Amino acid sequence: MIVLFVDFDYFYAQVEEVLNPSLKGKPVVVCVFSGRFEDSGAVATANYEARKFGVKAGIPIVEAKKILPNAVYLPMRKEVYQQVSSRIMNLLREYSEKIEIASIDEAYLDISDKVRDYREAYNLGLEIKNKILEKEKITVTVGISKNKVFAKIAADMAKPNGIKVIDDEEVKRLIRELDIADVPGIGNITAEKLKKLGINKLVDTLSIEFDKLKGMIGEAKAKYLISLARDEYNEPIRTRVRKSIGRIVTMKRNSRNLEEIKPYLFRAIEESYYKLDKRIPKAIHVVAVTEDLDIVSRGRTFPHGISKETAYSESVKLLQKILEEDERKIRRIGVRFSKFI
DNA sequence: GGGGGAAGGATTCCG
DNA sequence: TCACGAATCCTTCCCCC
Ligand SMILES: Nc1nc2c(ncn2[C@H]2C[C@H](O)[C@@H](COP(=O)(O)OP(=O)(O)OP(=O)(O)O)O2)c(=O)[nH]1
Ligand SMILES: [Ca+2]
Ligand SMILES: [Ca+2]
Ligand SMILES: [Ca+2]
Ligand SMILES: [Ca+2]
């Protein structure tokens, strides 16, 4: 089986460059302004120019401005990036029936039946890159391998504006050389757990008793890592369906005052329903981010769909539950709808 | 003993 | 300040035969 993974380069910022080309060549920072003060918030992403100086996704906007005071700072316009993405996804859909859109700027294509060997795979990769650049003026990076995980790793190694193939022979090498922390799904928490067990590479997962691994990182993560280490991981490319829709907003100031919090909560509900469109959820969860940036939530699943009036009513009750069961002040408040009919 | 579900949270980083 | 949306999985609790 041959998998071709496509990941768009510094996506949000590149889209802003496409819409305003005079931005090209200069540091561009797309920001998420939270409203607590002047430039409160964090960076969603920055172009490679800005990243050379340490400005990238996740850092505080104020910290980015200390480093690059003259960069161009733009507010994130997700709806715009989403429409551009969809167009790109429709182009890729032209190169394969088996396609998995993994996110706003990532997709996996099973090109096994329309290509022989990695030579043709590579060539199809170039045609894809070129097609997207000519049609949308968007550069992307392509990764190709025997399964989804190595196709993604391949792209990560080839970024930006690249293309790379990880053949059956390199897979074997990577299993031995690749820091296990570099494997998708292995975050900081899991990587530390694995280090303690003496697992530094995928290979290491083969000489440890499974029950021991499972006990430390969970059955699912253990079976996942072992399958990869055995060169046996082979998850099919399939359509992904959205399972939940929600919105969470930052309040000007922290609070525990119901009447002060409600307006934010209600705006979150209105936007969430607009997003749901025709989907009707049976579950609602109120999510709160506390002053110490901890996350707490309380939800309820109904035996039927939730009307907006029901959502307003139930949300207030769930919020009251949070306030009653957690003494901390609330900093961010929101809702999430799931279990669609 | 174990088959669901549901609730709240841990992790991930797919953003 | 993780200074800002969504999926999978895990633990615990609960109902039931
Ligand atoms: N709000 C927010 N958005 C993010 C964050 N990380 C990524 N995004 C958004 C903007 C990114 O352009 C988009 C795609 O994420 P990617 O991880 O693929 O990074 P990008 O595409 O920005 O850079 P890349 O060339 O792939 O290294 O998702 C984040 O931490 N917060
Ligand atoms: Ca990307
Ligand atoms: Ca991506
Ligand atoms: Ca990692
Ligand atoms: Ca990322």
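Chain identifiers are assigned alphabetically (A, B, ...) following the order of the sequence lines, protein sequences preceding nucleic acid strands; residue numbering begins at 1 within each chain. Quick note: numbers below take in every heavy atom, side chains included, and nothing from hydrogens, waters or symmetry partners.
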Please, which pairs that meet side chain to side chain donor-acceptor pair (under 3.5 Å) have at least one residue in residues 173-202 of chain A, sequence neighbours excluded?
-> A:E170-A:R173
So which pairs with a foot in residues 312-321 of chain A pass side chain to side chain donor-acceptor pair (under 3.5 Å), sequence neighbours left out?
-> A:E270-A:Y312, A:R300-A:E314, A:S313-A:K317, A:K321-A:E325
Without hydrogens or angle criteria, can the side chains of A:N147 and A:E235 be said to hold a donor-acceptor pair below 3.5 Å?
-> no
For A:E63, which contact category applies under a 4.0 Å heavy-atom criterion: base, sugar-phosphate, or nothing?
-> base
Where along residues 321-340 of chain A does a heavy atom come under 4.0 Å from DNA chain C, residue by residue in number order?
-> A:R331, A:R332, A:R336
Should A:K193 be listed as having a side-chain N or O under 4.0 Å from OP1 or OP2 of B:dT11?
-> yes
Can you check whether A:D7's main-chain N or O pairs, donor with acceptor, with A:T141's side chain at less than 3.5 Å?
-> no
Examine A:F337 together with A:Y273 and report whether their ring centres are nearer than 6.0 Å.
-> yes
Sole residue of A:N161, A:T139, A:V6 in side-chain contact (heavy atoms from CB on, under 4.5 Å) with A:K129 | A:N161
Take atom CD of A:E192 and atom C1' of B:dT11, then tell me their distance rounded to the nearest Å.
-> 14 Å
Would you give the length of the straight line joining atom CG of A:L109 to atom CD1 of A:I2, rounded to the nearest 0.5 angstrom?
-> 12.5 Å
For A:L276, does its backbone N or O pair with a side-chain atom of A:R279 as donor and acceptor, under 3.5 Å?
-> yes
Separation between the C1' atoms of B:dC13 and C:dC4, rounded to whole Å = 13 Å
Can you sort out which residues in residues 263-283 of chain A have a heavy atom within less than 4.0 Å of DNA chain B? Ascending by number, please.
-> none
A:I99 backbone acceptor or donor facing A:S96 side chain under 3.5 Å | no
Using the 3.5 Å cut-off, write out each protein N or O paired with an N or O of nucleotides 12-14 of chain C and the distance between them.
none

Note: A:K26-A:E49 ion pair, threshold 4.0 Å (strictly below) = no
Could you tell me the separation between the CG atom of A:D117 and the CG atom of A:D167, rounded to the nearest 0.5 Å?
-> 12.0 Å
CZ (A:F340) and CD1 (A:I306) are apart, to the nearest 0.5 Å, by 10.0 Å
Per-residue pairing states of DNA chain B in dot-bracket (Watson-Crick or G-U under 3.5 Å; . unpaired, | other strand) read |||||||||||||..
Just to confirm, is there a sub-4.0 Å distance from OP1 or OP2 of B:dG5 to any side-chain nitrogen or oxygen of A:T301?
-> no
Kindly state each residue pair satisfying salt bridge (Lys or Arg N to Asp or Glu O under 4.0 Å) with at least one member in residues 55-68 of chain A, sequence neighbours excluded.
-> A:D39-A:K65, A:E63-A:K66
Between C:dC4 and A:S34, is there an OP1 or OP2 to side-chain N/O distance shorter than 4.0 Å?
-> yes
dist A:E134:CD -> A:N130:CG (nearest 0.5 Å) comes out at 7.0 Å
Tell me whether the OP1 or OP2 atom of C:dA7 has a side-chain N or O from A:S244 closer than 4.0 Å.
-> yes
Any sub-3.5 Å donor-acceptor pair from A:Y233's side-chain atoms to A:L225's backbone N or O?
-> no
Quick one: which protein N/O atoms are closer than 3.5 Å to N/O atoms of nucleotides 13-15 of chain B? Pair and distance per line, please.
residue, atom, partner, partner atom, Å
B:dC13, OP1, A:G185, N, 2.7
B:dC14, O3', A:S103, OG, 2.6
B:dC14, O3', A:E106, OE2, 3.4
B:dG15, OP1, A:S103, OG, 2.4
B:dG15, OP1, A:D105, N, 3.2
B:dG15, OP1, A:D105, OD1, 2.8
B:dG15, OP2, A:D105, OD1, 3.4
B:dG15, OP2, A:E106, OE2, 3.2

Between CD1 of A:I128 and CG of A:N123, what distance do you get to the nearest 0.5 Å?
-> 11.0 Å
Within 45° cone of A:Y48 ring axis and under 6.0 Å: A:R51 NZ or CZ = yes
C1' spacing across the pair C:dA3 / B:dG9, given as an integer number of angstrom = 23 Å
May I have all residue pairs that pass side chain to side chain donor-acceptor pair (under 3.5 Å) and include part of residues 328-341 of chain A, sequence neighbours excluded?
-> A:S244-A:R336, A:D292-A:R328, A:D294-A:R328, A:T301-A:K339, A:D326-A:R328
Rounded distance (Å) that lies between atom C1' of C:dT8 and atom CZ of A:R238 | 18 Å
Is there a path from A:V140 to A:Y95 through hydrophobic residues (I, L, V, M, F, W, Y) whose side chains come within less than 4.5 Å of each other?
-> yes
In whole angstroms, how far is the P atom of B:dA6 from the CD1 atom of A:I284?
-> 16 Å
Atom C1', compared across B:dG15 and B:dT11: separation rounded to whole Å = 14 Å
Does a side-chain N or O from A:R298 land closer than 4.0 Å to OP1 or OP2 of B:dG9, or not?
-> yes
How are the rings of A:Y108 and A:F5 set to each other: parallel, tilted or perpendicular (split at 30° and 60°)?
-> tilted
For residues 216-223 of chain A, which side-chain donor-acceptor pairs fall under 3.5 Å, sequence neighbours excluded?
residue, atom, partner, partner atom, Å
A:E219, OE2, A:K223, NZ, 2.9
A:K221, NZ, A:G185, O, 3.0

For the residue pair A:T239 and A:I101, establish whether any side-chain heavy-atom pair is separated by less than 4.5 Å.
-> no
Closest listed nucleotide, where the reference is the side chain of A:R300 and the choices are B:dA7, B:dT12, C:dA7 | B:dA7
Contacts to DNA chain C from residues 137-146 of chain A, heavy-atom cutoff under 4.0 Å, which residues?
-> none
Out of C:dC4, C:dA7, C:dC10, whichever nucleotide has its closest atom nearest the side chain of A:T250 = C:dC4
Quick one: label A:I245 by what it contacts on the DNA or RNA (base, sugar-phosphate, nothing), any heavy atom closer than 4.0 Å.
-> sugar-phosphate
Selection: residues 36-50 of chain A, any non-hydrogen atom under 4.0 Å of DNA chain C | A:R36, A:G41, A:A42
